[PDB]
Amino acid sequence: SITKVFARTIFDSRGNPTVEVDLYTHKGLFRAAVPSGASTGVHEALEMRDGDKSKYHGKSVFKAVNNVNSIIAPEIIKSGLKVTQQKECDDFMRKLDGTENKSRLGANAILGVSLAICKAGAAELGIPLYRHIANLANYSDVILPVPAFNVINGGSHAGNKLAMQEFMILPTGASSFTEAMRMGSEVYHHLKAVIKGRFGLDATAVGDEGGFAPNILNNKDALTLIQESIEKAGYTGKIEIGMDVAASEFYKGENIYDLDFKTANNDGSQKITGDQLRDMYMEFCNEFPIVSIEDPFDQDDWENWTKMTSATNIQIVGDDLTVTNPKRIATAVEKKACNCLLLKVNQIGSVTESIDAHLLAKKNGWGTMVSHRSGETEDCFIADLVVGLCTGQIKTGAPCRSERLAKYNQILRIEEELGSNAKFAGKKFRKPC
């Protein structure tokens, strides 16, 4: 089946090199590109960067491309494994690399191949990519996800005083993915106009994910601003709010979080305990239609995770907590630390393992939210991933910048392909299937 595997470097949404893989069967070319990654990470699969700080300021991927072309490609072609044997191919590649974190050949070297194998596997069986993924997860039905649009940004990626990283809108009350795109985009455009008159035109420029980082003063104010745009758009009650706090970013240790971590040598006014933080979330959850908070505490502050999950009825999403890693996910389940997995395929490094992490979550009652990375490409694989895995929710950007629209556009195309069989997750985004 596999007659040719070939890697090149392309440029990602942030202007940095990344790996793209072309793979050939008798049915044609199947192409996939790899989003940004870790490279340094205690528990992530490691993306291989060249590190030559005089080429591309250390971000080029010639080594990883070379690992595909001179190691993976001849080995997996010689194996005779077929592109319809996803697990056998993914296992074969992990064994060939032979390290826990895929750091011999690189996770970006393996994932590109695994993703293209998966595209080719579907063509081999004459089915769309999302249907093939569904069969690999043993779903008989698929579902269209609620989109979670990044809109307002804080944390270490903004000059404002906001410690919480990103605020998202979720059209859980749309009747279709089509209405959800309309709802997402009109609110975005209303938010953009508000921002233009309150903060000025330069506040209208966008970050990596296509959202805004105006000079908002506090986290509550971001929620209020989002709430007011939902209302100007006439969708109050059909849009809910998601949050990614990224609390590791301002954890001081000994149960202390600093909401003014971006002010150097500060007075300690905004240093507070974990439970003070938890109370802050519950105030937010009482005033605003918040349905999901990701990384509400530090990646290792289990105690605070378990108490918040126990105290709330909303989605609690592990990202830095779980890093798409079955071992970490198992701990978090054991401790009841959260109730939803953020799924970054390139964090584990293969399709099979990504499906396996989703299934481990689903087996223990968790939701799964499919996620982009900050450095995306025109690749839209995770559009088919979220539909095939029936998770009901994807975070893949503001409705702006085509590395984000490429995904939302591919879901629209899937919605159209499915006709009357096209269920939208809606209010059941947490446990749809």
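All residue numbers refer to positions in the sequence shown, first residue = 1.
Comparing the deposited coordinates for 353 to 361 and 153 to 161, the stretch with the larger average C-alpha B-factor is 153 to 161. For the two regions 42 to 50 and 393 to 401, the entry's Cα B-factors average higher over 42 to 50. Of the candidates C285, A123, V146, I169, the one whose C-alpha carries the top B factor in the deposited record is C285. Per the deposited record, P289 carries the highest C-alpha B-factor of all listed residues (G112, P289, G207, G318). In this PDB entry, the Cα temperature factor of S36 sits in the middle third of its chain's modelled residues. For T25, the recorded CA B-factor ranks within the middle third of the chain. Only modelled residues enter the ranking. When the modelled residues of the chain are ordered by C-alpha B-factor, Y139 sits in the highest third. In the PDB entry, a CA B factor belonging to the middle third of its chain's modelled residues is recorded for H372. In the PDB entry, a CA B factor belonging to the highest third of its chain's modelled residues is recorded for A422.
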